[PDB]
Amino acid sequence: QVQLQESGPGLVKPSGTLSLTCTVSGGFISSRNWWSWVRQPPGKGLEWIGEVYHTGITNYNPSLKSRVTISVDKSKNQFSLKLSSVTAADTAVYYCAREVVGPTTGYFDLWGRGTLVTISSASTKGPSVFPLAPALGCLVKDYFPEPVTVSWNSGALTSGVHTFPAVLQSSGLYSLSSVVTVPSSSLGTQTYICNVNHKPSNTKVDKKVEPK
Amino acid sequence: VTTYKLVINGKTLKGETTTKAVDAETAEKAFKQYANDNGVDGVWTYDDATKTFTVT
Amino acid sequence: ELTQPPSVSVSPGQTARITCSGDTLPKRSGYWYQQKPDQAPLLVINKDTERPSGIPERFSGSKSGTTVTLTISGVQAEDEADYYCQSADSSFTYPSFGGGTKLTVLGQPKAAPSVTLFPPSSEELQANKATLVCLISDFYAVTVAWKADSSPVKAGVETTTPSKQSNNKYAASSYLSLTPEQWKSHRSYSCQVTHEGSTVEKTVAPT
């Protein structure tokens, strides 16, 4: 019935302005609920940001009070978030939420799907690849556009292959690693090569791994 | 701005990549950073019709 | 400040309890949310006891002053998730959450993690960069720590949350970014992995 949907840019350069909009379907903003925003930095807990009533009344998290702005809009039945002077700490999954508020209590019953914004000043960049000489694998170090694909000896070796999730470093570049466990006897005969593809930067490289 | 390509024919590294630049000399500097960042050291050749670099 | 334990482990069929502590609890009301991974949080307990419409009957809550407790009688594999308590803050003006509790449920045989520490590659080091790779695999929630010689390093550390493997076991990774000068200025470097109160270490040194 009543649903919440986020929208807005999923990328903002540092010192820029994050702008999100939550659209309300199957119900009117004119209810006596407070329309709030909550965020979850990847791997961390929940953090309340602020709430708004349909009259325009606002209430903001004090640690963020200076640079937040929550506005309502009944003409298109949505309510917006604007976070300025964004740092890297603002990289988080952003959920708009409906808040039932009594005289003494407040809680969230309805949530939106949630959208991820990543605060990075970066440019499409071919990933640099380094060999982890032996368990063995490759290290993918500096590429900004997210989707990177790793295969091992073409699409042949798929037994005991693990590609770890990417991580966002301080510089704004992504990094990940893919490891495989192999017999400590097959070293001499088999020749191992790891294949990395980065569709946005249009990079396709193969690296051979050899203990030194 | 235009887009240039590079072919890598190194010992353990072999592949291709792209960047965007206004002149080929600036692109040459960009690909030189990439090759060094991955340890490749070789001989550079250039083809202007295909706008493609290649180091061996 | 709302306090709840970081992790609680069970096996199928028994009763599971998660306890959230906080000073403002009596004069206010607590609330409990369940978060399936990669999904929005789901409210599962209202006004310290009330079950919302849609949650299985096995989800009850209780309040004992400055203590709320979420109880799952007859736990099932469809409840392995993260659970957040929520209340008001010290000033009764803003909602506050807890640290969060990773509730693990399935009881396939407990697995001791296997750890591999990798040195910086020769190719990376000629580029004036150093990055140590700690790889943890084949375990069934894990904490990681880094030590330079005999002192804890809390700078240049990156950690990835655990991810299931092909063989249903969990795996995680950590990175330590250094300049090459710090790599050669220390005798060794150690990765310290704590898993369910059992700790395994690995060490590397420059060649």
# chains A, B, ... in the order shown; residues from 1 in each chain; ligands from 1
$ interface_residues --of "chain C" --to "chain A" --cutoff "8 Å" --atoms "only C-alpha atoms" --output "NGL selection string"
:C and (28-29 or 31 or 39-43 or 86-88 or 92 or 94-100 or 116 or 118-121 or 123-124 or 158-161 or 163 or 165-167 or 172-173)
$ write_last_selection --atoms "N, CA, C and O atoms" --output "tab-separated table (two decimals), in the first residue's frame"
chain	number	residue	atom	x	y	z
C	28	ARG	N	11.33	6.40	28.75
C	28	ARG	CA	11.02	6.33	27.33
C	28	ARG	C	10.63	4.90	26.96
C	28	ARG	O	10.40	4.05	27.83
C	29	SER	N	10.54	4.64	25.67
C	29	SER	CA	10.17	3.33	25.15
C	29	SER	C	11.24	2.85	24.19
C	29	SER	O	11.82	3.64	23.44
C	31	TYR	N	12.54	0.17	21.05
C	31	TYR	CA	12.03	-0.41	19.81
C	31	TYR	C	13.13	-1.25	19.18
C	31	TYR	O	14.31	-0.94	19.29
C	39	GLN	N	19.28	-5.23	2.70
C	39	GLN	CA	17.88	-4.82	2.71
C	39	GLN	C	17.68	-3.71	3.73
C	39	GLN	O	18.54	-3.45	4.58
C	40	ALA	N	16.53	-3.05	3.65
C	40	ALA	CA	16.20	-2.03	4.63
C	40	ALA	C	15.88	-2.68	5.98
C	40	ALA	O	15.44	-3.83	6.03
C	41	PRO	N	16.13	-1.97	7.08
C	41	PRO	CA	15.74	-2.51	8.39
C	41	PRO	C	14.24	-2.72	8.47
C	41	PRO	O	13.45	-1.99	7.88
C	42	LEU	N	13.86	-3.75	9.23
C	42	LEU	CA	12.47	-4.14	9.42
C	42	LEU	C	12.15	-4.07	10.90
C	42	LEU	O	12.80	-4.74	11.71
C	43	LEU	N	11.16	-3.25	11.26
C	43	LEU	CA	10.72	-3.16	12.65
C	43	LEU	C	10.04	-4.46	13.07
C	43	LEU	O	9.13	-4.95	12.39
C	86	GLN	N	16.48	0.74	19.67
C	86	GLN	CA	16.28	2.15	19.40
C	86	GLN	C	15.44	2.77	20.51
C	86	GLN	O	14.52	2.13	21.01
C	87	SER	N	15.76	4.01	20.87
C	87	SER	CA	15.07	4.71	21.94
C	87	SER	C	15.26	6.20	21.71
C	87	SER	O	15.55	6.63	20.59
C	88	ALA	N	15.04	7.00	22.75
C	88	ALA	CA	15.40	8.41	22.72
C	88	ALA	C	16.77	8.62	23.37
C	88	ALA	O	17.27	7.76	24.09
C	92	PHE	N	15.86	13.47	25.16
C	92	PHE	CA	14.49	13.10	24.78
C	92	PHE	C	14.03	13.79	23.49
C	92	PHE	O	12.82	13.89	23.24
C	94	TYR	N	15.90	13.36	20.16
C	94	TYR	CA	16.33	12.71	18.93
C	94	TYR	C	16.35	11.20	19.10
C	94	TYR	O	16.71	10.69	20.17
C	95	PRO	N	15.96	10.45	18.07
C	95	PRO	CA	16.07	8.99	18.13
C	95	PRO	C	17.52	8.53	18.12
C	95	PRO	O	18.38	9.14	17.49
C	96	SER	N	17.78	7.44	18.84
C	96	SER	CA	19.12	6.88	18.96
C	96	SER	C	19.08	5.38	18.76
C	96	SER	O	18.14	4.71	19.21
C	97	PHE	N	20.10	4.84	18.11
C	97	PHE	CA	20.24	3.41	17.89
C	97	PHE	C	21.40	2.88	18.71
C	97	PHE	O	22.14	3.62	19.36
C	98	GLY	N	21.56	1.55	18.68
C	98	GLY	CA	22.65	0.89	19.34
C	98	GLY	C	23.75	0.48	18.36
C	98	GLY	O	23.69	0.75	17.16
C	99	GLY	N	24.77	-0.17	18.91
C	99	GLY	CA	25.85	-0.65	18.06
C	99	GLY	C	25.37	-1.65	17.03
C	99	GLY	O	25.84	-1.65	15.88
C	100	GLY	N	24.42	-2.49	17.40
C	100	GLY	CA	23.95	-3.55	16.54
C	100	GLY	C	24.50	-4.90	16.95
C	100	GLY	O	25.65	-5.03	17.40
C	116	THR	N	46.39	-16.09	5.87
C	116	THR	CA	47.58	-15.95	5.04
C	116	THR	C	47.96	-14.48	4.96
C	116	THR	O	47.13	-13.64	4.63
C	118	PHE	N	50.41	-11.68	3.17
C	118	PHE	CA	51.16	-11.51	1.94
C	118	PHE	C	52.05	-10.28	2.00
C	118	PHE	O	51.62	-9.23	2.49
C	119	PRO	N	53.28	-10.37	1.51
C	119	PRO	CA	54.16	-9.21	1.48
C	119	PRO	C	53.80	-8.30	0.31
C	119	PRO	O	53.09	-8.72	-0.61
C	120	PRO	N	54.25	-7.05	0.33
C	120	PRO	CA	54.11	-6.21	-0.86
C	120	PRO	C	54.88	-6.80	-2.03
C	120	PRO	O	55.97	-7.34	-1.86
C	121	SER	N	54.29	-6.71	-3.22
C	121	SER	CA	54.93	-7.25	-4.41
C	121	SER	C	56.12	-6.39	-4.82
C	121	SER	O	56.21	-5.20	-4.50
C	123	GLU	N	56.77	-5.50	-7.85
C	123	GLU	CA	56.26	-4.51	-8.80
C	123	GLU	C	55.67	-3.30	-8.08
C	123	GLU	O	55.84	-2.16	-8.53
C	124	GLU	N	54.96	-3.52	-6.97
C	124	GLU	CA	54.41	-2.40	-6.22
C	124	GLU	C	55.50	-1.57	-5.56
C	124	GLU	O	55.41	-0.34	-5.50
C	158	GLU	N	42.41	-1.02	6.39
C	158	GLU	CA	41.13	-1.23	5.72
C	158	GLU	C	40.65	-2.64	6.01
C	158	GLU	O	41.44	-3.59	5.94
C	159	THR	N	39.37	-2.78	6.35
C	159	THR	CA	38.78	-4.08	6.66
C	159	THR	C	37.53	-4.28	5.81
C	159	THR	O	36.76	-3.34	5.60
C	160	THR	N	37.35	-5.50	5.31
C	160	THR	CA	36.15	-5.90	4.58
C	160	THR	C	35.28	-6.80	5.45
C	160	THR	O	35.80	-7.65	6.18
C	161	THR	N	33.97	-6.60	5.36
C	161	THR	CA	33.04	-7.43	6.12
C	161	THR	C	33.02	-8.85	5.56
C	161	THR	O	33.25	-9.06	4.36
C	163	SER	N	32.27	-12.43	3.92
C	163	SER	CA	31.47	-12.83	2.76
C	163	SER	C	31.51	-14.34	2.62
C	163	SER	O	32.56	-14.97	2.79
C	165	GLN	N	31.69	-18.00	1.03
C	165	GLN	CA	32.44	-18.57	-0.08
C	165	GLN	C	31.57	-19.55	-0.86
C	165	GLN	O	30.37	-19.72	-0.59
C	166	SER	N	32.18	-20.20	-1.85
C	166	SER	CA	31.46	-21.24	-2.60
C	166	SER	C	31.11	-22.42	-1.70
C	166	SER	O	30.04	-23.02	-1.85
C	167	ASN	N	32.00	-22.76	-0.77
C	167	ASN	CA	31.80	-23.89	0.13
C	167	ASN	C	31.06	-23.50	1.41
C	167	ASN	O	31.23	-24.15	2.44
C	172	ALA	N	37.10	-13.14	4.86
C	172	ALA	CA	37.27	-11.70	5.01
C	172	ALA	C	38.72	-11.34	4.73
C	172	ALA	O	39.61	-12.20	4.71
C	173	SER	N	38.95	-10.04	4.51
C	173	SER	CA	40.28	-9.54	4.15
C	173	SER	C	40.53	-8.20	4.83
C	173	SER	O	39.60	-7.46	5.16
$ interface_residues --of "chain A" --to "chain B" --cutoff "6 Å" --atoms "only C-alpha atoms" --output "MDAnalysis selection string"
chainID A and resid 128 202:208
$ closest_residue --among "A:57, A:117, A:68, A:29" --to "residue A:7" --atoms "only C-alpha atoms"
A:117
$ interface_residues --of "chain C" --to "chain B" --cutoff "10 Å" --atoms "only C-alpha atoms" --output "mmCIF file with N, CA and C atoms, in the first residue's frame"
data_model
loop_
_atom_site.group_PDB
_atom_site.id
_atom_site.type_symbol
_atom_site.label_atom_id
_atom_site.label_comp_id
_atom_site.auth_asym_id
_atom_site.auth_seq_id
_atom_site.Cartn_x
_atom_site.Cartn_y
_atom_site.Cartn_z
ATOM 1 N N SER C 122 57.058 -7.018 -5.533
ATOM 2 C CA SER C 122 58.210 -6.285 -6.051
ATOM 3 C C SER C 122 57.771 -5.200 -7.023
ATOM 4 N N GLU C 123 56.766 -5.499 -7.850
ATOM 5 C CA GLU C 123 56.258 -4.513 -8.796
ATOM 6 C C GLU C 123 55.675 -3.301 -8.078
ATOM 7 N N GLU C 124 54.964 -3.522 -6.970
ATOM 8 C CA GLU C 124 54.406 -2.398 -6.220
ATOM 9 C C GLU C 124 55.498 -1.573 -5.555
ATOM 10 N N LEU C 125 56.534 -2.235 -5.034
ATOM 11 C CA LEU C 125 57.552 -1.530 -4.261
ATOM 12 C C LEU C 125 58.404 -0.615 -5.133
ATOM 13 N N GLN C 126 58.621 -0.975 -6.399
ATOM 14 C CA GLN C 126 59.326 -0.066 -7.294
ATOM 15 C C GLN C 126 58.489 1.151 -7.667
ATOM 16 N N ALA C 127 57.205 1.174 -7.304
ATOM 17 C CA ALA C 127 56.337 2.323 -7.524
ATOM 18 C C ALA C 127 56.166 3.173 -6.269
ATOM 19 N N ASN C 128 57.005 2.955 -5.251
ATOM 20 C CA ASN C 128 56.977 3.714 -3.997
ATOM 21 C C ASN C 128 55.645 3.547 -3.266
ATOM 22 N N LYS C 129 55.217 2.294 -3.129
ATOM 23 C CA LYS C 129 53.983 1.958 -2.435
ATOM 24 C C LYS C 129 54.164 0.633 -1.710
#
$ select_by_dssp --residues "chain B" --states "alpha helix (DSSP H)" --output "PyMOL selection string"
chain B and resi 24-37
$ select_by_dssp --residues "stretch 56-135 of chain A" --states "strand (DSSP E or B)" --output "ChimeraX atom specification"
/A:58-60,68-73,78-83,92-101,106-111,115-119,129-132
$ write_last_selection --atoms "C-alpha atoms" --output "PDB file, in the first residue's frame"
ATOM      1  CA  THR A  58      12.085  20.601  10.939  1.00  0.00           C
ATOM      2  CA  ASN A  59      14.248  18.857  13.525  1.00  0.00           C
ATOM      3  CA  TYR A  60      17.872  18.009  12.777  1.00  0.00           C
ATOM      4  CA  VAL A  68      21.384  19.729   6.585  1.00  0.00           C
ATOM      5  CA  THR A  69      18.152  20.913   4.979  1.00  0.00           C
ATOM      6  CA  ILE A  70      14.966  18.822   4.827  1.00  0.00           C
ATOM      7  CA  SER A  71      12.130  20.309   2.773  1.00  0.00           C
ATOM      8  CA  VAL A  72       8.677  18.954   1.990  1.00  0.00           C
ATOM      9  CA  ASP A  73       6.731  19.337  -1.228  1.00  0.00           C
ATOM     10  CA  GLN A  78       7.776  14.039  -1.940  1.00  0.00           C
ATOM     11  CA  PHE A  79      10.273  15.320   0.615  1.00  0.00           C
ATOM     12  CA  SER A  80      13.945  16.041  -0.033  1.00  0.00           C
ATOM     13  CA  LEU A  81      17.334  15.893   1.672  1.00  0.00           C
ATOM     14  CA  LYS A  82      20.199  18.313   0.991  1.00  0.00           C
ATOM     15  CA  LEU A  83      23.555  17.711   2.688  1.00  0.00           C
ATOM     16  CA  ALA A  92      26.546   5.756   3.241  1.00  0.00           C
ATOM     17  CA  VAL A  93      23.326   4.014   2.286  1.00  0.00           C
ATOM     18  CA  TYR A  94      20.527   6.555   2.670  1.00  0.00           C
ATOM     19  CA  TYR A  95      17.024   5.459   3.725  1.00  0.00           C
ATOM     20  CA  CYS A  96      14.001   7.732   3.845  1.00  0.00           C
ATOM     21  CA  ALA A  97      11.627   6.583   6.528  1.00  0.00           C
ATOM     22  CA  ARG A  98       8.177   7.256   7.948  1.00  0.00           C
ATOM     23  CA  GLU A  99       8.093   8.182  11.641  1.00  0.00           C
ATOM     24  CA  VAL A 100       5.152   7.666  13.998  1.00  0.00           C
ATOM     25  CA  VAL A 101       5.490  10.252  16.766  1.00  0.00           C
ATOM     26  CA  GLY A 106       9.108   8.190  18.090  1.00  0.00           C
ATOM     27  CA  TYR A 107       9.861   5.190  15.864  1.00  0.00           C
ATOM     28  CA  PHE A 108      10.141   4.141  12.218  1.00  0.00           C
ATOM     29  CA  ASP A 109       7.631   1.694  10.715  1.00  0.00           C
ATOM     30  CA  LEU A 110       7.926   2.191   6.927  1.00  0.00           C
ATOM     31  CA  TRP A 111      11.274   2.215   5.116  1.00  0.00           C
ATOM     32  CA  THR A 115      20.197   4.177  -2.130  1.00  0.00           C
ATOM     33  CA  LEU A 116      23.990   4.264  -1.935  1.00  0.00           C
ATOM     34  CA  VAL A 117      25.913   7.479  -2.513  1.00  0.00           C
ATOM     35  CA  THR A 118      29.707   7.414  -2.779  1.00  0.00           C
ATOM     36  CA  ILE A 119      31.632  10.650  -2.101  1.00  0.00           C
ATOM     37  CA  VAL A 129      47.379  -5.260 -10.964  1.00  0.00           C
ATOM     38  CA  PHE A 130      50.061  -6.798  -8.736  1.00  0.00           C
ATOM     39  CA  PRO A 131      50.847 -10.493  -8.181  1.00  0.00           C
ATOM     40  CA  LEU A 132      50.582 -11.974  -4.682  1.00  0.00           C
TER      41      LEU A 132
END
$ atom_distance --atom1 "atom CA of residue A:143" --atom2 "atom CA of residue C:37"
26.1 Å
$ atom_distance --atom1 "atom CA of residue A:32" --atom2 "atom CA of residue C:46"
18.5 Å
$ residues_around --residues "residue B:1" --least-positions-apart "4" --cutoff "10 Å" --atoms "only C-alpha atoms" --output "MDAnalysis selection string"
chainID B and resid 20:23
$ write_last_selection --atoms "N, CA and C atoms" --output "PDB file, in the first residue's frame"
ATOM      1  N   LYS B  20      41.836   9.420 -22.094  1.00  0.00           N
ATOM      2  CA  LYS B  20      41.373  10.559 -22.873  1.00  0.00           C
ATOM      3  C   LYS B  20      42.340  11.717 -22.666  1.00  0.00           C
ATOM      4  N   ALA B  21      42.726  12.367 -23.760  1.00  0.00           N
ATOM      5  CA  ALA B  21      43.705  13.444 -23.710  1.00  0.00           C
ATOM      6  C   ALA B  21      43.513  14.331 -24.932  1.00  0.00           C
ATOM      7  N   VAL B  22      44.138  15.506 -24.894  1.00  0.00           N
ATOM      8  CA  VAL B  22      44.010  16.465 -25.990  1.00  0.00           C
ATOM      9  C   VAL B  22      45.122  16.292 -27.024  1.00  0.00           C
ATOM     10  N   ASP B  23      46.356  16.047 -26.589  1.00  0.00           N
ATOM     11  CA  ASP B  23      47.457  15.732 -27.484  1.00  0.00           C
ATOM     12  C   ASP B  23      47.978  14.333 -27.177  1.00  0.00           C
TER      13      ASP B  23
END
